[PDB]
Structure formats: C-alpha cells, structure tokens
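Have a look below at one chain only, the form deposited in one PDB entry, in structure tokens format.
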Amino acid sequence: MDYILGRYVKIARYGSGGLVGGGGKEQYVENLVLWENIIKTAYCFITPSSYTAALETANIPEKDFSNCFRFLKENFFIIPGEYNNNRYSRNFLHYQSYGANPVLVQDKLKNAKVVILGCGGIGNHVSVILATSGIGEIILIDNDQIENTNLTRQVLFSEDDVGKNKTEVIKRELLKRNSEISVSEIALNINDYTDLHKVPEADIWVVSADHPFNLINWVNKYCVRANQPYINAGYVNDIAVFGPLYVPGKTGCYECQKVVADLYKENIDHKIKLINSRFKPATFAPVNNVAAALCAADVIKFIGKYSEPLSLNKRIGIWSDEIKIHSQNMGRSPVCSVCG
C-alpha cells in the first residue's frame, strides 16, 4: 500500500516553528524540531511510497517517523496512493483533503437525483454548481418566465432569454456546461400543497421558492410524511440563510424548535397583514450567491458522504453588513406538531 502527499498541502516557517497544511486543517506546530520532522517525513511521499520504504528513505528515528506519518495521515495530508488516480479532476483534491476516495464520491454524485424546488436566484446558483460537480440527475421545478429584472442574480439568464421559461433556459445552459449529465423539467409553481405530489422522489430537495409565505411549512410537513430529505436556502433581506438540512429520523424538522415568527385584536392584525402582504425582499446578488453556494456544499456533502453538512439540525445566517455568522438550533422535538 503506497501513500502520496496531497497537492493541497503547503507549509511555512511561522513563529517558534511552522504551519502544516492550508485551510481548515492548518496546524501551527510550535516545536521547530517536530515541525522539521514533519517536512522530512512528508518529503518522502511527494512521489508515492510505502510506509517502510519511506522510513529507510527518511533521515529520522523510527519513533519520530511513526508519529509524523500518523499526523500526516490522520489529517489526510498523505492519502492512499490509489486516491490520486477528468472533468471533475478539480473537485478531486477537495474530496482527498477529507480522506475520501474521490472516484467513489464522484460515483455517488453521478448516481444521485436532485430536485431544485424553485428556479429563481438560489435555484440558478445551486443548479449550476451541482451540474458542474457531476450530480447525475437534476429536476428543475418552476413555472415562471424570465424577466429582465432577474438578470441581477439569476446567473444562467441573458438579455436574449427574457420571456422564455426559466426551467427551459437553465436546462440548456446546464447541458452546455456539463453534457455528461441529465436534466429534467417540470413546469410548476407550488400555489397549493397538493402540487407537492407532482414533485418527484429524490436524494434531496433544494427548497428556495419564496411564495407562498408558508411554502417551507408545506414542504416540511410533506417531506416528513414522504420520508424526503430537503434543504431550505434563501435570505432575509441582507442576511444569507441556508439550512436546515432535514434528514428523516436523524434531524429535527423545521417546526420542531420554532425558531421563526409567522408573518400572518381586531384593529392591529388587519394592519399587520396589510404590511406583510406588500413585502418585497431587498434582493442582492452577493447575499443570494452565499446562501446558494453553502446550500450547494451541503447537498454535495450529504450525497457525497465525505464530510458532515453544516446545516444538519441548524438554520444558519451569514450577515452581509457585519462580519457575523449565527446558527439557530433545529434539534429534534417530541412536542412537534409534524414529527413529534
């Protein structure tokens, strides 16, 4: 069994010693002696090598090589040589860095079916990421037509596409970018709960349609009964939102913890309803794109099985006018009117 140093590894002299790795797994090694033994060990694996071969090759004691080799391996800085073996060959480094065999992740994605419930800003951004990552089947669900006003967020759409069906244009634009996949169309907005039964079974539903106001409440109840995984994404004006990632029998549902206040005394509640009915989201592409990007990451991870999705049992907000991220707990509840 050969091992190889991942190309995503990098190091640097820093402080008392140095840094090993980039991104989340970056570790400051304080002991310079130890830091140096890690590089000496890592150097043996630039080209694939067995444990024993590299031990003789390294100019360091067996006891140190063991610990250093373990450190590298436990952090997936060095992976099984076979994992190094394409279109998606860019995403392969990402999966390797999490200790997954990229081919087996890629295979899972190819075998997956994803419903995109709403093809506005979020659906545009999610669908293209999933397509170019190699999600095997995509089901596009929307009945609205492209308007010029859409172009600000809905990245697949062009001035010449205005008037045409959203589902139609996404589909064409997707196949242009990844011809190896299959895309499906369903011309349908959810104006009535019963419209959900026209939504096909899938590995997961990406839910981002913003009308009616209680759409996520209709999806929640239906997906529980239907044992159907879903993830909500969107925004509350300037705050990007993604989660929860509902997993039947594993997570709480949207309704469990009641983290949200419903939009809709004689005199006041009529005035509230009037205000809320006039509501239009202050949409902004940067916010749309964040929610969509992280939504997409979670679906890839959920299906790929290589890392835990962030939005399991959580509804996550990222601010755009402050440096701030906040999650609301969506843990399971026995008192829930849907899945208690």
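All residue numbers refer to positions in the sequence shown, first residue = 1. What we label the rigid core is the largest C-alpha set whose atoms superpose within 1.5 Å from one form to the other.
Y264, present in the displayed chain, goes without coordinates in a third or more of the other PDB entries compared that cover both sides of it.
According to the record, 1 to 3 deposited residues between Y264 and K265 are left without atomic coordinates. In terms of unmodelled positions of the deposited sequence, the stretch from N85 to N86 in this entry skips 4 to 9 residues. When 232 to 240 is weighed against 162 to 170, 162 to 170 comes out higher, by mean CA B-factor as recorded in the entry. Relative to one another, 307 to 315 and 268 to 276 have unequal mean CA B-factors, and 268 to 276 is the one with the higher figure. Among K25, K10, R13, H326, the highest C-alpha B-factor recorded in the PDB entry belongs to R13. You'll see in the entry that, of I190, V114, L93, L104, the Cα B factor peaks at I190. In the deposited entry, the Cα temperature factor of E56 sits in the top third of values across the chain's modelled residues. When the modelled residues of the chain are ordered by C-alpha B-factor, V338 sits in the highest third.
Among the modelled residues of the chain, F157 sits in the middle third by CA temperature factor in this PDB entry. When all modelled residues of the chain are sorted by CA temperature factor, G134 is found within the middle third. Sorting the modelled residues of the chain by their CA temperature factor places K40 in the middle third.
Although not depicted, the form deposited in another entry is the subject of the following passage.
Once the rigid core is used as the reference frame, the Cα position of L72 differs between this form and the one not shown by 2 Å or more. Shown in the overlay between this form and the one not shown, fitted on the rigid core, is a CA shift at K273 of 2 Å or greater.
With the core held fixed, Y14 shows a CA shift of 2 Å or greater between this form and the one not shown.
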